[PDB]
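> Build me a model from this:
(chains A, B, C, D, E, F, G, H and I, ligands or ions: 33)
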Amino acid sequence: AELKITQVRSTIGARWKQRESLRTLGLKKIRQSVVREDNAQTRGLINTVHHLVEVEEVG
Amino acid sequence: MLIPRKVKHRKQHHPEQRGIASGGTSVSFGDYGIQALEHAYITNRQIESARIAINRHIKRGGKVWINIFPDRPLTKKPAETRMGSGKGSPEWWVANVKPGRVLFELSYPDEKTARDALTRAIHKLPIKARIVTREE
Amino acid sequence: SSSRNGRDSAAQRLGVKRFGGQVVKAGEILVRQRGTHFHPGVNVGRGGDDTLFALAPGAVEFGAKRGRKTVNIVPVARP
Amino acid sequence: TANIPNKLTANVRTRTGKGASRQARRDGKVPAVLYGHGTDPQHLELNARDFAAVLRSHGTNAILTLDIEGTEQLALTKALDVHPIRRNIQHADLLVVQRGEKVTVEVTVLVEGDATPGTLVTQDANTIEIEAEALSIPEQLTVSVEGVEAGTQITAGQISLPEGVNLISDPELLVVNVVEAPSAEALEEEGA
Amino acid sequence: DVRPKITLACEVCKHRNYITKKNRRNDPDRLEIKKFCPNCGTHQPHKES
Amino acid sequence: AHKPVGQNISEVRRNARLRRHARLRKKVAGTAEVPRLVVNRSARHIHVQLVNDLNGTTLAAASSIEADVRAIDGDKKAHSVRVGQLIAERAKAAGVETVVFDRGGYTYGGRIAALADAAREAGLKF
RNA sequence: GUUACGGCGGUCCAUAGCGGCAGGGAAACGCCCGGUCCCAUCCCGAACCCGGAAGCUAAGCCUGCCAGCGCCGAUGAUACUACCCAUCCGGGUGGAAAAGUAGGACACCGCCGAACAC
RNA sequence: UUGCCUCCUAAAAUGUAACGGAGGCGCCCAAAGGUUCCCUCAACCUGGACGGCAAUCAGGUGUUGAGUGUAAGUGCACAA
RNA sequence: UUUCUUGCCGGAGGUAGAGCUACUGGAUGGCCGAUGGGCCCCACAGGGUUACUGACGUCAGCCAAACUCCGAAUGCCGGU
Ligand SMILES: [Mg+2]
Ligand SMILES: [Mg+2]
Ligand SMILES: [Mg+2]
Ligand SMILES: [Mg+2]
Ligand SMILES: [Mg+2]
Ligand SMILES: [Mg+2]
Ligand SMILES: [Mg+2]
Ligand SMILES: [Mg+2]
Ligand SMILES: [Mg+2]
Ligand SMILES: [Mg+2]
Ligand SMILES: [Mg+2]
Ligand SMILES: [Mg+2]
Ligand SMILES: [Mg+2]
Ligand SMILES: [Mg+2]
Ligand SMILES: [Mg+2]
Ligand SMILES: [Mg+2]
Ligand SMILES: [Mg+2]
Ligand SMILES: [Mg+2]
Ligand SMILES: [Mg+2]
Ligand SMILES: [Mg+2]
Ligand SMILES: [Mg+2]
Ligand SMILES: [Mg+2]
Ligand SMILES: [Mg+2]
Ligand SMILES: [Mg+2]
Ligand SMILES: [Mg+2]
Ligand SMILES: [Mg+2]
Ligand SMILES: [Mg+2]
Ligand SMILES: [Mg+2]
Ligand SMILES: [Mg+2]
Ligand SMILES: [Mg+2]
Ligand SMILES: [Mg+2]
Ligand SMILES: [Mg+2]
Ligand SMILES: [Zn+2]
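Numbers count the residues shown, from 1 in each chain, chains lettered A, B, ... in the order given. Ligands and ions are numbered 1, 2, ... in the order given. Have a look at this structure:
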């Protein structure tokens, strides 16, 4: 199991751990997406920025 | 008037006036009571007026329990003065009331007269309250 | 028209200086305090103003010993 | 005097929490927990409407027959967490019980009848603790006032206690005190 | 002053080694105590100056 | 039945002795290389243990209830010196010559001093 | 190895405490007897210190049982909260008490020595 | 009012402003410093000529509510 | 890469909340009942009667920036 994360909101007005979680996820602009494994580190890293992104599993 | 005989500190901060009354939310002394619904500062002026209202209405025999005490002082700096020069001198007394706290409680034989005296008291308070009975 | 108060002293920056599992040198002071809120533990000494310091290199770790919060230095193994 | 247990339905809470409890409370259901010597704290949603109805009919202290997914259990209401304002029952506690089992409980005491007119009757302790069987629990017991003499106290030790039930409170706990009705020149003299 | 500054000098070499305080109301006489003299090399009596 | 009301001298002696022992213990302790020589004393016998407080174990021990010590017709000081030499020999066998003296909450002197000086001359440096 | 044993310890030092009832004196632990000697009382051989074994389980000590007081204490709910929604109201996802209840508990672990078949 | 010390504000690390809320300091002690050893208070009940709740004596209950030169805070009965 | 983020691990707190028979203060109503109040027989002995005031205590409900038997979430220090 693993996920695809797409950024929908932007980082203007966003607190700093949110922007850094986005940068750590490897995505920079809106509508940009990344695909990555479904461990606990990723689950927490997207838990921080759930309001800025949307995720869906593959398969 | 209800005034504490002494307070350890006579100039406190304004009581935090948020949340729901956790302690003191049940009718225990008498059978009918007035139970609050809004946050406020019930001064001893309000309490005295409400108690006299209840006593005037029932006027015969029955027990009125003021189970809130005004013991928190609100200060007021003298008029016509600018800002600064320190905090003022305390000159009225307050009970901090949350939504949920039974304020006045009454014991009296009949029903309608008791209810009417309780609403006569309610009209003297700066809040919305409701009459609550000794049973669930 | 005047306040009869308005004086205070400097903050003395008291408190725990090294927390649990933290490697220290021998001699590092570990917690500054007034009374004895933390009592000296194993291989930990106490200074004149009740400042706890480490009498040996190791890792800081707290404990309770007969209802007394204590601070101890644990010898880490030499690599 | 056996009291017939009341028959509710319940079903195991799938997942726990404040969100789950709020949702269940929103669907007209009461979250509750079974415990006792059944040694299994079991988390049960039950019908809010039926719970309130049976609490109306048989007070706070009444045996229930819970149907947990077909299994049949006897329960007794231990505590009810109720909102101070909205007055809805939020949570319930259910000891597991069986026949011939003494249990400690608190029973409301409602003064009955009229008193002598020159004085008012006033209760200090509305609830009295009793030891009694699961089925034989009285939902309420009465205390006699019929033209008392001048002001006197009443304690739990002189109440007509039911059969098969035992007082737990120390007998010298006052329940109802007749106190002389305040005169015209006595009623407004206290409170300031 | 009532607690003035005083000096202590070794008797056997007359060198002033220490300065301290004492109460004149309570210790009217010269204070003398066995202190350490760096050049005498040992502990010697020291008397108020 | 005859219920006694007072406190007995046994209680005060025992717990005051324990308090003195603990006050002492705030400042001495035993390692493997410099163990602790703890002493008990009663109206009949004197006891010694050689303790490594890192473990709560005992390395050597002696008392005045052994065969030879009860074989002495002498005085309580004689029993004390015998116990001292025996415990010194047992410590030396165990591989130790340095120790700290835990006098056990009794005042240093009398038979405890005799024991301690017997151990001192016998080879244990303390 | 057995012990209705004696010491020295440990435990986020009461789940170990207080109290109550019922037992024990092998060696031990005590009390007990005396002040010749070391040593001692801001007076007192009461304490401490030194010598002794006439009497004792009445205590101290230890053993067994009681939950009366003190102690410990969930599950669930609730309070509060981080972040996020949300035009005041309020809600969602994570964390989650205090009090109370069910109950628990009359401690457990270690190393030496004593007597005992050895 | 202006330097120093202690507390609360101060939002459980540290730090944090106002003519915010309360107080202290400008010393004292040749012992009230060092070490060695010993002890446990305050309060309460009971029994005692002055002597009264109260002064010193005796018995008991009493784990900290007393005391710690000196403000306050943190400590200290293992005792400081 | 020492920076920063996320997961896990090792920590120290006294805030929100709560509690108060756990302290310091405030504070509601009961209950018993003093000591001290008055009176009788008649002494200012002694005894009891009485709106007595009603110490202490106790039952139930409460309150606090400078209260705390308790007590989070976050943040903070370190490691990984
Ligand atoms: Mg606040
Ligand atoms: Mg309430
Ligand atoms: Mg509260
Ligand atoms: Mg109104
Ligand atoms: Mg400060
Ligand atoms: Mg010092
Ligand atoms: Mg200094
Ligand atoms: Mg002098
Ligand atoms: Mg006696
Ligand atoms: Mg206990
Ligand atoms: Mg025997
Ligand atoms: Mg003698
Ligand atoms: Mg016995
Ligand atoms: Mg014994
Ligand atoms: Mg407890
Ligand atoms: Mg929980
Ligand atoms: Mg809106
Ligand atoms: Mg609890
Ligand atoms: Mg801070
Ligand atoms: Mg902070
Ligand atoms: Mg600033
Ligand atoms: Mg000044
Ligand atoms: Mg001193
Ligand atoms: Mg000295
Ligand atoms: Mg005494
Ligand atoms: Mg990390
Ligand atoms: Mg952690
Ligand atoms: Mg912690
Ligand atoms: Mg604080
Ligand atoms: Mg609060
Ligand atoms: Mg106060
Ligand atoms: Mg607070
Ligand atoms: Zn010289």
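> and residue 45, which of the three is it?
If you meant another chain, say so; for now it's chain A. Three-state assignment for residue A:45 (DSSP: H, G, I helix; E, B strand; the rest coil): helix.
> Let me rephrase: I mean chain D.
When classified by three-state DSSP, residue D:45 comes out as strand.
> Not counting its neighbours along the chain, what's nearest it?
residue D:29 (4.6 Å; C-beta to C-beta, 6 or more residues apart in numbering or on different chains). C-beta here means a position set from N, CA and C on the backbone, and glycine is covered the same way.
> Mind listing the residues bridging to the one you found?
Going by DSSP bridges, residue D:29 is paired in beta bridges with residue D:47.
> Mind telling me what element the residue nearest the centre of chain F is part of?
Nearest residue to the geometric centre of chain F (C-alpha atoms, centre = their mean): residue F:39, 1.4 Å. Assigned by DSSP states H and E, residue F:39 belongs to strand F:36-41.
> helices or strands next to that strand in the packing?
With contacts defined as 3 or more C-beta pairs under 8 Å, 6 or more residues apart in numbering or on different chains; DSSP states H and E, strand F:36-41 has these neighbours: strand F:46-52, strand F:100-102, helix F:110-122.
> most tightly surrounded among these?
Of all the helices and strands packed on strand F:36-41, strand F:46-52 carries the top mean neighbour count, a mean of 23, counting by mean count of other C-beta atoms under 10 Å in any protein chain shown.
> Determine how far that one lies from the middle of the whole chain.
5 Å (C-alpha atoms, centre = their mean, to the nearest Å).
> Toward the C-terminus, what is the element adjacent to that strand?
strand F:57-63.
> before we move on, back to that, would a markdown table of the helices and strands packed on strand F:36-41 with distance to chain C be doable?
Below are these laid out as a markdown table (distance: least, C-beta to the nearest C-beta, whole Å):
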| stretch | distance to chain C |
| --- | --- |
| strand F:46-52 | 15 |
| strand F:100-102 | 17 |
| helix F:110-122 | 28 |
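> got the ones you listed as JSON lines, with distance to ligand 2 columns?
Below are the helices and strands packed on strand F:36-41 laid out as JSON lines (distance: least, C-beta to the ion, whole Å):
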{"stretch": "strand F:46-52", "distance to ligand 2": "58"}
{"stretch": "strand F:100-102", "distance to ligand 2": "58"}
{"stretch": "helix F:110-122", "distance to ligand 2": "65"}
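> Identify the residue nearest the residue of chain E found nearest chain C in space, chain neighbours excluded?
At 19.7 Å from chain C, residue E:20 is the closest residue in chain E, using C-beta to the nearest C-beta. Closest residue to residue E:20 apart from its sequence neighbours, by C-beta to C-beta, 6+ apart: residue E:6 at 6.0 Å.
> just residue C:12 next, same as before
residue C:32 (7.4 Å).
> Name the residues linked to the closest residue to residue D:110 other than its chain neighbours by a beta bridge.
Of all residues not flanking residue D:110 in the chain, residue D:140 sits nearest, at 5.7 Å (C-beta to C-beta, 6+ apart). Residue D:140 has these beta-bridge partners by DSSP bridges: residue D:108.
> was I right about residue D:140 contacting residue D:58?
No. Using C-beta atoms under 8 Å, residue D:140 makes no contact with residue D:58, being 10.0 Å away.
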